Amino acid sequence: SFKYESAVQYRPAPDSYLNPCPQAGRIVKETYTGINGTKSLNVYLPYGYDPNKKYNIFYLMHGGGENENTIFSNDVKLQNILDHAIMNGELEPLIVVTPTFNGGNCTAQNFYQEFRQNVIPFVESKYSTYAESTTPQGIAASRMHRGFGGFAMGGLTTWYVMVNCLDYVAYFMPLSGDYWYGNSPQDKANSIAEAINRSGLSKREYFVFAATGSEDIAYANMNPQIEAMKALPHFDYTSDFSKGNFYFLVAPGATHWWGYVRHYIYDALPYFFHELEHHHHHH
Ligand SMILES: COc1cc(/C=C/C(=O)O)cc(OC)c1O
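This is the structure in structure tokens:
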């Protein structure tokens, strides 16, 4: 059903998508020990999850003051949107993981380290992704089917994941947060460009779908960064990821609130994981 648009516009999920779907994915609370101690996360498994199939995986970080339970809590209800989108065929089934940057020495900035060493091997050894194994080689070999996103301070987390984890992750969804490395937007853009250079990847091998609200305070810092990134050769601006790799969706009137940001995920997540995919699909 899904077809890429070149300038996709903001559209909230129908109100009905905010209520429970009968085809409900299972949400599993997990606990693991890593470099920041013993911590928890939730794993959303799609309805019909079959461990003998391979699923895309999207890791999604909360904002400041929140935790690994927030996104599937009653304050957000993202699972209802996922369930309905997957049942209706708008979104291909995938695993969605909500970890936390709380605990131990962890911060929104440094979470990528724990992500690489602890979170990916824990989750992807248990559940069926494109990783045939969870050695560094096995994670890197499956990077086209792995994404990371997050809201606010979790948007900051996303940018640090991008800069430090291009080897492991191809799709990025920073929501209402900018990258804090640099004294100007050009410094931020240049850091990202240098990470890309170091990775050796082509422009067909990483994708950034950023979003915020036109009344969201984070726009002030995101917008200059996006414009600086658009000037790099590293990014081809368009939401058609069969043709380019960079988009910034700005929702008219929306403020810095999960009530809006959940809809950005609804709009953007369907755009992920079709480039070099293993099914024969026409988008
Ligand atoms: C990472 O980028 C951001 C994070 C926050 C966080 C706010 C909070 O935790 O209260 C606010 C921003 O713009 C105003 C922003 O650009």
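Residue numbers (the entry's author numbering): 803 to 1085. In this text, a Cβ means the ideal position worked out from N, Cα and C, and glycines have one as well.
Opening and closing residue of the beta strand (DSSP E) in which residue i lies
i	result
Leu-880	Element bounds for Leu-880: not the beta strand (DSSP E) but the alpha helix (DSSP H), 880 to 890.
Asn-844	839 to 847
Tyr-834	828 to 836
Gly-984	Per DSSP, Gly-984 belongs to no beta strand (DSSP E) and is neither H nor E.
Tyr-1021	Where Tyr-1021 is concerned, there is no enclosing beta strand (DSSP E), although the alpha helix (DSSP H) it sits in stretches over 1021 to 1032.
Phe-950	948 to 953
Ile-897	896 to 900
Check: residue i C-beta below 7 Å from any heavy atom of ligand 1
i	result
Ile-1019	yes
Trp-982	yes
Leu-958	yes
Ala-1056	no
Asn-1023	yes
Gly-952	no
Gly-1015	no
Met-955	yes
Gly-905	no
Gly-866	yes
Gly-949	no
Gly-979	yes
Residues bridged to residue i [DSSP beta-bridge criterion]
i	result
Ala-1013	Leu-977, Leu-1051
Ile-859	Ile-897, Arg-948
Inter-residue CB distance, residue i and residue j (contact presumed, cutoff 8 Å)
i	j	result
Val-971	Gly-957	In fact, because the Cβ distance is near 15 Å, the residues do not count as touching under 8 Å.
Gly-906	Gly-839	4 Å
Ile-859	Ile-888	With a Cβ gap of about 14 Å, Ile-859 and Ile-888 do not count as contacting.
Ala-815	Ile-883	5 Å
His-1058	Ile-1028	Contact doesn't hold; Cβ gap of about 17 Å is too wide.
The alpha helix (DSSP H) enclosing residue i, as first and last residue numbers
i	result
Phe-1037	First-last for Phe-1037: undefined, no H or E at that position.
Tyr-914	913 to 916
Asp-1069	1060 to 1070
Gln-939	938 to 942
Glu-934	Unbroken run through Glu-934: none, as it is neither H nor E.
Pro-816	Counting along the chain, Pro-816 falls outside any alpha helix (DSSP H), and DSSP gives it neither H nor E.
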